[PDB]
Amino acid sequence: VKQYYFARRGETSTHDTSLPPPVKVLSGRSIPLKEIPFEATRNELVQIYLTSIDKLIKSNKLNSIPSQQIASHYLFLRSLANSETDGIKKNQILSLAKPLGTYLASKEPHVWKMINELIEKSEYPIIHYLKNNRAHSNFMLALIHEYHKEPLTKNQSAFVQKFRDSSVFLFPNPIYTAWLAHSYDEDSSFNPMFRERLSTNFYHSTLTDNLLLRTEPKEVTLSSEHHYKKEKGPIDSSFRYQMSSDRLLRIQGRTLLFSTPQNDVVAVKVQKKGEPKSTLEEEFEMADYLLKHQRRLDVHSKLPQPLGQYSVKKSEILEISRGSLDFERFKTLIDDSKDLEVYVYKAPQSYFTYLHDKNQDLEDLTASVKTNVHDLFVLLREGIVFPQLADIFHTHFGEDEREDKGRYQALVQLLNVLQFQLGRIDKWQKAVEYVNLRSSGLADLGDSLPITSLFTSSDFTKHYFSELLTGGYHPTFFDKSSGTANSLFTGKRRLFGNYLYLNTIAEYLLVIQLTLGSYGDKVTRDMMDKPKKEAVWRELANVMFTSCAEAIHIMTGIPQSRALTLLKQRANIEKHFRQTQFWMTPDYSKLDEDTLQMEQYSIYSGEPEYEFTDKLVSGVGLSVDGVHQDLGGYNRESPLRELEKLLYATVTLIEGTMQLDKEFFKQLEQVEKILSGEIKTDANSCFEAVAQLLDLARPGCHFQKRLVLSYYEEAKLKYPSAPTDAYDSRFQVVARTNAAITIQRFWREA
Amino acid sequence: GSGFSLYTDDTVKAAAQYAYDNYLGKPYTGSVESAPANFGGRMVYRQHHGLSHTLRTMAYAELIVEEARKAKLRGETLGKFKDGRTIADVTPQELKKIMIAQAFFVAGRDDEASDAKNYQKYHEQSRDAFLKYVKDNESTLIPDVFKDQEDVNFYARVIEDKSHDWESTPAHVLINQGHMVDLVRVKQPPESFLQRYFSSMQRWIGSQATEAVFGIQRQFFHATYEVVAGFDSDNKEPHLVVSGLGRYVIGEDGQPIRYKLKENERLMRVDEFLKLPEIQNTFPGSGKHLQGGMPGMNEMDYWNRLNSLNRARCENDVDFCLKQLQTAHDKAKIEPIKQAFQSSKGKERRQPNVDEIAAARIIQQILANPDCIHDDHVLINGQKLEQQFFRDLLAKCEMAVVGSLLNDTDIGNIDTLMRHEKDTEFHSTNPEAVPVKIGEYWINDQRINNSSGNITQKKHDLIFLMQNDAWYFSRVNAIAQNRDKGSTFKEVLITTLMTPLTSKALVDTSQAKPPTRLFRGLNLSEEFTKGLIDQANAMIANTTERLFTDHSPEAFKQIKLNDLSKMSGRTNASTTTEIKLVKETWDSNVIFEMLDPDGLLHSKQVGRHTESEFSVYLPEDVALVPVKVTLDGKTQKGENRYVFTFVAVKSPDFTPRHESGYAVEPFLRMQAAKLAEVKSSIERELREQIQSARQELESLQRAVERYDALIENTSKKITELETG
Amino acid sequence: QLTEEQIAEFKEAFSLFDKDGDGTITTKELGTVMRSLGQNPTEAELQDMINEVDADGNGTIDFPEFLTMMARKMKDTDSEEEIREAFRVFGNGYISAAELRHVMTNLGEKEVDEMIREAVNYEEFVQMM
Ligand SMILES: Nc1ncnc2c1ncn2[C@@H]1O[C@H](COP(=O)(O)OP(=O)(O)OP(=O)(O)O)[C@@H](O)[C@H]1O
Ligand SMILES: Nc1ncnc2c1ncn2[C@@H]1O[C@H](COP(=O)(O)O)[C@@H](O)[C@H]1O
Ligand SMILES: [Ca+2]
Ligand SMILES: [Mg+2]
Ligand SMILES: [Mg+2]
């Protein structure tokens, strides 16, 4: 009855074990590829910034620069000094910051008052000071350029070239993680989009990149009782289903559906043209494993019951399935050999209706979608990945010689060098035509991989993600002084599994989105009342946001309502509604240019519109083949901008929450050691440590702050004869919130 | 130029949204012609002092500032304030403060009453609303946009308008004149109010800038679905004196006196008023007419347009109205440029010219017979062609059409020529860059990558070589643009041979349609950058929209006398649709942004190697006319980055005027020598008939044992190719 | 029977303190989880609890087991003195009602109509039940 997972998460030294050698082969030259270290380069740039601050102070012309910049510099210096642990460096940073504080107090009393108010709330006041569009201004880089009178090294130049939209990209790990976590707060108005009259810069993916480059390599250990670890005997049984065409319900793909007196369905899945018997055996075994561990894993879908796996004469199959109206086409799919292998199971009828079937109502669709999402993500936590839920392609033109092989990549910006946004989805509706998400729940369970196939070289990752595993090359990366091409991207060879994990999560969510869009498109096609169509599409958008919140909750454990609030901070549900309704229906194909542009104005409010120099085919819209609609013009980006923002927000929330928890426990260990006498330091240092631990708490989470308050009380008890006027407002606020929670709970109970 | 703009800045938009949500998007709390109106089924509560009016006033302020900057940059003298500052000296921060104040000017109104007491009450309420908004958001304004509370108080006092002070500071002038000029649409006598406002604004910026402002105001009205009133100099309505109401009257004799209900006198009319010497010598609108309404539609269509759901959207959605105004402003920026030049017939490259068919044939023979190349010259069956001949070919032939004249046999003969040459080429930039041999490189590349020898793979490899291998394209571009220093004759010959071939390969292998916006990166020194900025400012300052006067000749002269597109053409320039790529790979300190809404650039995509990269060979009939120059941050070295925005405009006025025969006379000499050789071998009238015509292509085409016959057949075919 | 918000808080804390993410928490992290959740077990009580409920030869606790543990512990520490301390945080014995609306609207879990109509001597309201 125990509920737990057969997979454990830990950390390794590097994912770079048996990868392709880091070499680019040109016409006849071999160019070695080299990594630019991230942490060392960032530290070098921070030290340069400190020297520039010293130069500024020596130049003693602070009255000539805006007070906002001085406040930014002072707050960052205070936060960096608090982060730094070495006594000498901390003292140097504080001495370097003192003159700015003196000048501000003397000449800007109100700015000084605001700065002090921020200081009393946090050990890293810079992160709260940058909870808005002020994060779009890179004061660190500006000062570095102003006062650094010598060229930056190649590594520093590359780092500056990559991370330049904000100065938060130069923060040390705890400060950057805290800022990223808090940027999703309700009081936060930050959104990663810098708009000017010239152009608009979306850099949401840069936050995820800067976060991922700071993480340790991850590893997943599968227990000896896992499906992919333990060995199982052959399929021992003598079952032989009796096929009678007088009760043949229908033919679905390469499967024969017969009826039963019990109202269930018997499905006979016949061997495919090129597939081996091992595929059917694996499907059988996976079905048994899931049916056995259903209670342990708490899977809500209706799993099929497998009955047997054996061989039948082809002539018999042809005889039984002769009367079906799809017999001719079903003939081609099956193997042409004399003898055919089969896999037989029993399932309810809803197991064969697809999740986008129009005959469902919105409530049933919502329930089925919730079931499918929950099952997918719990099985992901258990170490099983379904890379073939749907067959989604970015393009088919020259797919063989493409690095991606034409497979759509959810987080394209992260897995490639010099890719800036998601691309077109070819024949989007046909991608989820036979999706493995069914009304009952999951299906086609034999097409799964172990999660360890993402963190190591394997057929799947080598086939689809060779660019990530090999290293990035561009002529501008080539340094003639060494004969090597250096890039920050090559460093990802050490951590590619971390990227592929989030890519899989985003791919699941994208498949869900495409299925919902297909349902909405089919349902509203023959409707006439525009309000009814709008209501359908709005409900579908709500379902999508709820699915993303469920993914976050299952991955991190955040409450679903809070996860939805955090997502809504970053992604706009109204815009997603509008964009999905517009681009996923053929109506836009029957408009002239003026009306199309006028509608797009409302579709993308406060942002540039979607431009395409393509010809719309009447009745379909954007399509390269002319019969099947696409999502995006040829060689352009996908028009669903809010969907990309939502996917990136989801993956960023999950990864950043894990990283923030890691930082929080790292600081908690130091606090505990200090508070038990293991480390000898005065009262001020202990209170500083506890305040930092408080600043490393989850946004919107209270029990963490309760624990920190208890540790603060214990520390204050250990140092009764010490001043705490600095660390009193914040803990008083925490205590008041605790009391409010207690009162609310007691009242609502009665 | 700067990043800040009304249409993209977020704090101004937030201020406008707050004003609309709290004050402007609410029903009037009184009864003076204050009944909400219906437009397309949606309610507009304040149709005269609503959101559209405030957004239009803010747009007017920004437009006035930009026109003043242009006028100063034209060398005109502008009105001064109590200190030496003029309107053109207003900085982006001051403009932001002025616009945030302007967003609250009419917030405090409760009715449409126009009496003094109600005026003062409403302005007091507006001042209170502005102060409350600033106080509520002081956590992000008082340190950032406003210097301190004293500056906020200054702007609040401007909003209060206690004393009718409309000239003390730039803020007073901008706010008051924007608010006043927005009402030209409604005032029943249009000519008098237009003259008054033109005179009031002309003393601060000038006549040309005022005309531009009032010309763009009409476009703003059209974009916001507001009626546009016509201007009629020959109007018989009595003239109205805007200051107060005192009408002008003429004495009994007939002249003006320098209600009266005088017995034998009548009120002066508008037409008479506009004829006065003191007015017609300063008002450009005297004796001129403006057609009212939207041109190209009847009265019924116009009435339907003005009464539509779009009017309600403009009056109720801040972002929608801002986008409408932004689009109108961009169109008004582009329109005068096209107005100043003749109209292009089509959008296709012209047919081959006689001077270019000969060049194509010469290139064909050079490729087919690599042995014809010597140390530094080309001895082609009689004629010695030197470096300057090929330089003139590069500088005077449109190599796109020349490449269109070539066939796949040239792509094949590339291998023969490269095998013959095996010479060396040098980096144009960064001389200390380890030169390389070109023939060996091409042979090795073809041997390792294209063993089958198919033509399409050869075209792709040539395009790749042009797109990469700095050692090749740096020299080729430098030679093509005549910027090369110390170039060998072999390098010049290779450049002139490869350019049309690369164009032909790009045309053949390209499949995507031309994008409407492209970016190119250039690495330039500070002095050259300053020269370029001066040239671009000269372009921009003289381009204004017209109301009455026609200023097209000045803009045409300045653009023709200062064209900056010379440093873009003559080569297969590489561009990209994504500026992020430019800022991420090369980080150039200068960036050229080309807009091609019409598709005049014939941009060809470069195969994947790079999916966003295109190649442009600027047509001789197309000019790149700048529309703005912006300072956009700094490069990774810390140098200023400048972005020049150009608009591609095609007109015959930009067609270069070259002298023909630069490539044909050597050609006709070639066939003349060939005929003389064959006939000297022979030794009959054809020889003297063809020889007698010397270096006169038209005369030659008038004029024009088996091996000899083949020779004359070849010469004939050459001549009929030239004539065709 | 535990309230939905209590269940959500317990699930979040359990997931946070599950370091290896296998769905179970070891015995060295139970004390920290309890301190975070509000209940501060003594060393004797913690040792007894560990040796009682986590002596099955595995040493790990699954979430339903943790919920049973928490309900059992709360069954004997529901004294009203905790509510008295909560009210005392905000020595008159009469607490301003103007503060109650502020707190109940801008603190904790966000019904205030019944709060204002009930209307304040905190001890008297406690006895009101
Ligand atoms: N439900 C269906 N209805 C009709 N044709 C189908 C269906 N499912 C698959 N096909 C067709 O049959 C081909 C072979 O089926 P396929 O290998 O995809 O089955 P599957 O996904 O393993 O089965 P299932 O999802 O039922 O477990 C597909 O490529 C498609 O062309
Ligand atoms: N595999 C992929 N999945 C999704 N988008 C992609 C993929 N590859 C490229 N893109 C995007 O598609 C657009 C066209 O690039 P390309 O297809 O590589 O020519 C760009 O916006 C790319 O970032
Ligand atoms: Ca565990
Ligand atoms: Mg399937
Ligand atoms: Mg399958």
Side-chain angles (χ1 to χ4, degrees), chain A residues 66-67, chain B residues 2 4-6 9 11-12 15-16 19 53-73 76-108 119-120 122-131 133-134 141-183 196-206 209-210 212-213 242-243:
Chain A
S67 43
Chain B
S2 174
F4 171 80
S5 177
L6 159 65
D9 189 68
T11 178
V12 168
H53 163 88
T54 71
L55 294 184
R56 278 205 306 276
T57 55
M58 282 147 76
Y60 295 154
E62 183 172 305
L63 170 66
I64 288 154
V65 165
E66 86 170 47
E67 291 313 321
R69 286 183 189 142
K70 294 217 292 194
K72 172 175 179 65
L73 183 63
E76 296 181 7
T77 189
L78 305 197
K80 301 280 173 189
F81 289 103
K82 294 181 176 67
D83 56 350
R85 300 222 305 154
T86 184
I87 288 282
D89 303 334
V90 173
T91 76
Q93 291 81 45
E94 289 184 285
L95 192 58
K96 166 180 277 196
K97 290 200 275 266
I98 286 163
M99 287 195 329
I100 290 159
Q102 220 168 1
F104 284 94
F105 199 61
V106 291
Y119 182 101
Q120 197 194 72
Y122 299 162
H123 275 230
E124 184 67 22
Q125 279 168 325
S126 301
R127 198 278 317 290
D128 298 2
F130 167 76
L131 286 175
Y133 165 74
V134 170
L141 296 168
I142 300 299
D144 292 10
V145 56
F146 293 103
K147 191 177 160 63
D148 48 351
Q149 186 59 37
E150 194 59 37
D151 189 358
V152 171
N153 292 340
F154 162 86
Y155 280 102
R157 276 189 273 97
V158 171
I159 280 166
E160 192 195 353
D161 194 74
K162 182 174 72 68
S163 310
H164 282 264
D165 177 7
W166 297 351
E167 287 104 325
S168 167
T169 72
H172 291 89
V173 176
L174 280 172
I175 281 161
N176 299 126
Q177 293 179 356
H179 167 83
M180 293 222 288
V181 69
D182 188 52
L183 282 71
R196 183 63 172 108
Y197 303 152
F198 197 102
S199 312
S200 174
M201 198 182 289
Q202 173 170 352
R203 71 183 295 267
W204 289 111
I205 57 182
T210 308
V213 164
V242 173
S243 58

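We name chains A, B, ... by the order of the sequence lines, and we start the count at 1 in each one. Keep in mind that the numbers below use all heavy atoms, side chains included, and drop hydrogens, waters and symmetry copies.
- Atom CG of residue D89(B) and atom CZ of residue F81(B) lie 9.0 Å apart, to the nearest 0.5 angstrom.
- Each of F105(B), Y197(B), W166(B) was evaluated against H179(B); a single residue qualifies, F105(B), per the ring-ring contact (aromatic ring centres under 6.0 Å, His included) test.
- Between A129(B) and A107(B) the shortest heavy-atom distance is CB-CB, 4.5 Å.
- With rounding to the nearest 0.5 angstrom, the CD atom of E66(B) is 9.0 Å from the OG atom of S5(B).
- Taking every heavy atom of both residues into account, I159(B) and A101(B) meet most closely at CD1-O, 3.4 Å.
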In sequence, state the C-alpha distance, the side-chain angles, and the governing distance for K82(B) and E167(B), and then conclude on salt bridge (charged side-chain N to carboxylate O under 4.0 Å, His left out). CA-CA 9 Å; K82(B) 294 181 176 67; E167(B) 287 104 325; over 6 Å; no
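- The side-chain heavy atoms of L131(B) and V134(B), taken from C-beta on, include no pair separated by under 4.5 Å.
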Using the rule given for side chain to side chain contact (heavy atoms under 4.5 Å, CB included), can you reason through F154(B) versus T169(B), listing the C-alpha separation, both sets of side-chain angles and the distance that settles it, and then say yes or no? CA-CA 11 Å; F154(B) 162 86; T169(B) 72; 3.8 Å; yes
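- Side-chain contact, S126(B) with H123(B): no donor N or O sits under 3.5 Å from an acceptor N or O.
- Taking all atoms of both residues into account, the shortest heavy-atom contact from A68(B) to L78(B) is O-CD1, 3.8 Å.
- Taking CD1 from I64(B) and CD1 from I205(B), the interatomic distance works out to 6.5 Å, rounded to the nearest 0.5 Å.
- Between the side chain of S200(B) and the main chain of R196(B), no donor-acceptor pair closer than 3.5 Å is present.
- In plain terms, the two heavy atoms of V65(B) and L174(B) that are nearest each other are CG2-CD1, 3.8 Å.
- Residues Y133(B) and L141(B) form a side-chain contact, since some pair of their non-hydrogen atoms from C-beta on lies under 4.5 Å apart.
- Side-chain atoms of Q102(B) come within 3.5 Å of backbone atoms of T57(B) as a donor-acceptor pair (strictly under, hydrogens ignored).
- The side-chain contact (heavy atoms from CB on, under 4.5 Å) check on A59(B) picks up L6(B), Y7(B), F220(B), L325(B), with sequence neighbours excluded.
- Looking at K80(B), its side chain does come within 3.5 Å of a backbone N or O of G84(B) through a donor-acceptor pair.
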Run the numbers on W204(B) and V173(B) for side chain to side chain contact (heavy atoms under 4.5 Å, CB included), then give the verdict. CA-CA 9 Å; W204(B) 289 111; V173(B) 176; 3.8 Å; yes
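- Atom OG1 of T210(B) is separated from atom CD of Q177(B) by 9.0 Å, given to the nearest 0.5 angstrom.
- Closest non-hydrogen pair, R85(B) versus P170(B), comes out as NH2-CG, 3.7 Å.
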Mind running side chain to side chain contact (heavy atoms under 4.5 Å, CB included) on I100(B) and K97(B) for me, showing each step along the way? CA-CA 5 Å; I100(B) 290 159; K97(B) 290 200 275 266; 5.8 Å; no
Derivation of the side chain to side chain contact (heavy atoms under 4.5 Å, CB included) call for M99(B) and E62(B): CA-CA 8 Å; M99(B) 287 195 329; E62(B) 183 172 305; 4.2 Å; yes
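- Formation of a donor-acceptor pair under 3.5 Å by the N176(B) side chain with backbone atoms of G178(B) is not found in this model.
- No donor-acceptor distance shorter than 3.5 angstrom exists from the side chain of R127(B) to the backbone of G108(B), with no hydrogens or angles considered.
- Rounding to the nearest 0.5 Å places CD of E124(B) at 11.5 Å from CG of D161(B).
- Aromatic pair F130(B)/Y155(B): centroids not less than 6.0 angstrom apart.
- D182(B) contributes atom CG, which lies 12.5 Å from atom CE of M58(B) (distance to the nearest 0.5 angstrom).
- Between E67(B) and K72(B) no salt bridge is recorded (no basic side-chain N to carboxylate O distance below 4.0 Å).
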